[PDB]
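Examining the three-dimensional arrangement
One-letter residues, chain by chain:
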There are 2 protein chains.
Amino acid sequence: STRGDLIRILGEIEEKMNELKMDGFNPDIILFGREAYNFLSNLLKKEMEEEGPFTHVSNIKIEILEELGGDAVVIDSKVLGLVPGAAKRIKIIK
Amino acid sequence: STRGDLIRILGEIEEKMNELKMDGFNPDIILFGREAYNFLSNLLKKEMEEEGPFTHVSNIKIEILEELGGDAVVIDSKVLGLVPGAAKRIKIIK
């Protein structure tokens, strides 16, 4: 069920956002692999019945990092590389 | 001296690459902010007397994450978001 897939993905992003916030981070961006982005884009085109492109999800900004493949990484971009733990990975593709 | 600036930047990237390798990571990508990328691009156009665009530095792949501003972040993209410490930030702009 593509609706279930969208509910799952929104739920996992929210969970990683919450995990980061609890640690003192401010999640601002989610990096998507090429395959991950295509997967979510297809889902949102189908579900929203809109053409895209899609630039935000879960109140944060989508940016592409092609090499992440079927995964995405929620980050606090202000402290990424200065404080360990500023990144949380999730698997987007089935 | 723009040559000195290039020597500095290559030296800082190498240092963060080495720091990551010593920790067990495999640095594969360096994320550049918009201002950081422009700065390095201008330097390399001047020094290499080539037009660009520039896609690799220090044996790793350049990818843009616009929001990093005048900074760049060396990452191990395979474990980013799974193991803390997979990212090291550097300040590119003067």
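Conventions we followed
- The numbering shown runs from 1 along each chain in the order of its written sequence and may not match that of the entry; residues for which no coordinates exist are omitted.
- By the order in which they are written, chains take letters starting at A while ligands take numbers starting at 1.
- The basis for every side-chain value is the complete set of heavy atoms in the structure, and neither hydrogens nor water enter the calculation.
- Residues with missing side-chain atoms are left out of burial classes, side-chain pairs and their counts.
- By convention in these notes, a salt bridge is any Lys or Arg side-chain nitrogen within 4 Å of a carboxyl oxygen on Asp or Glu.
- Segments assigned H or I by DSSP are reported as helices when at least four residues long, segments assigned E as strands when at least two residues long, and all are numbered from the N terminus.
- Whether a residue is buried, partly exposed or exposed follows from its accessible area with a 1.4 Å probe, protein chains only, as a fraction of its type maximum: under 20%, in between, or over 50%, in that order.
- Residue contacts follow a heavy-atom distance rule, with two residues in contact if any of their heavy atoms lie within 4.5 Å.
- Buried area: the accessible area, evaluated with a 1.4 Å probe, that two parts lose upon being put together, summed over both parts.
- Under this grouping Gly is polar, as are all residues other than the nonpolar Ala, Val, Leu, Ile, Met, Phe, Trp, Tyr, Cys and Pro and the charged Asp, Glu, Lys and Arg.
- Criterion used throughout: strands pair if DSSP finds at least two bridges between them.
- What counts as an axis is a line fitted to C-alpha atoms, over the stretch in contact for a helix, and the angles between N-to-C directions run from 0 to 180 degrees.
- Structural superposition of the copies relies on a least-squares fit of C-alpha atoms.

The title attached to this entry in the PDB is "Crystal structure of an uncharacterized protein PF0899 from Pyrococcus furiosus".

Quick word on the pattern of salt bridges
Taken as a whole, this structure holds 14 salt bridges over all chains when the rule is applied. Between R3 of chain B and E47 of chain B there is a salt bridge, with the nearest N and O atoms lying 2.9 Å from each other. Linking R3 of chain B in helix 1 (residues 2–22) with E47 of chain B in helix 2 (residues 34–48), this pair joins segments that are 44 residues apart in sequence. Accessibility expressed as a relative area gives 60% for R3 of chain B, which makes it exposed. We note a salt bridge from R34 of chain B to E66 of chain B, for which the minimum N-O separation is 2.6 Å. Taken together, the residues span a long stretch of sequence, with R34 of chain B in helix 2 and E66 of chain B in the loop between strand 3 (60–64) and strand 4 (71–75) at a distance of 32 residues. Judged by its relative accessible area of 26%, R34 of chain B falls in the partly exposed class. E66 of chain B sits in the partly exposed class, given a relative accessible area of 37%. Linked by salt bridges that have partners in common, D5, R8 and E12 of chain A make up one network.

Side note on the interface of chain A and chain B
In this assembly, 20 residues from chain A lie in contact with 20 residues from chain B. Sorting the residues of chain A by area buried against chain B places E67, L80 and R89 of chain A first, and these three jointly supply 35% of that buried surface. Sorting the residues of the side of chain A that touches chain B by element identifies strand 1 (29–32), strand 3 (60–64), strand 4 (71–75) and strand 5 (87–91) of chain A as the ones contributing at least two each. With 3 residues, the top contributor of residues to the side of chain A that touches chain B is strand 5 of chain A. Along the lines of polarity and charge, the residues of the side of chain A that touches chain B split into 11 nonpolar, 3 polar and 6 charged.

Things to note about the sheet that holds strand 2 (residues 56–57) of chain B
Residue and element names in this part refer to chain B. Strand order in this open sheet of 5 strands is 2-3-1-4-5, and the pairing throughout is mixed. The open sheet terminates on both sides in strands that have one partner only, identified here as strand 2 and strand 5 (87–91). The sheet contact formed by strand 1 (residues 29–32) and strand 3 spans 4 bridges and is parallel. What sits directly across from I29, in strand 3, is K61. Sitting on the sheet, helix 1 touches strand 1, strand 2, strand 3, strand 4 and strand 5, and the angle it makes with strand 5 is about 165 degrees.

A short note on the environment of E63 of chain B
Locating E63 of chain B in the fold gives a position in strand 3. Separated by 34 residues in the primary sequence, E63 of chain B and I29 of chain B have C-alpha atoms spaced 6.9 Å apart.

Some details on the relation of the copies chain A and chain B
For the pair chain A and chain B, the best superposition has an RMSD of 0.0 Å and corresponds to a rotation of 180 degrees with a translation of 0.0 Å parallel to the axis. On this basis, the relationship between the two copies can be described by a two-fold rotation axis. By C-alpha distance to the rotation axis, the residue of chain A lying nearest is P84 of chain A, at 2.4 Å. By residue overlap, the copies meet face to face through one surface: 100% of the interface positions of chain A are interface positions in chain B.

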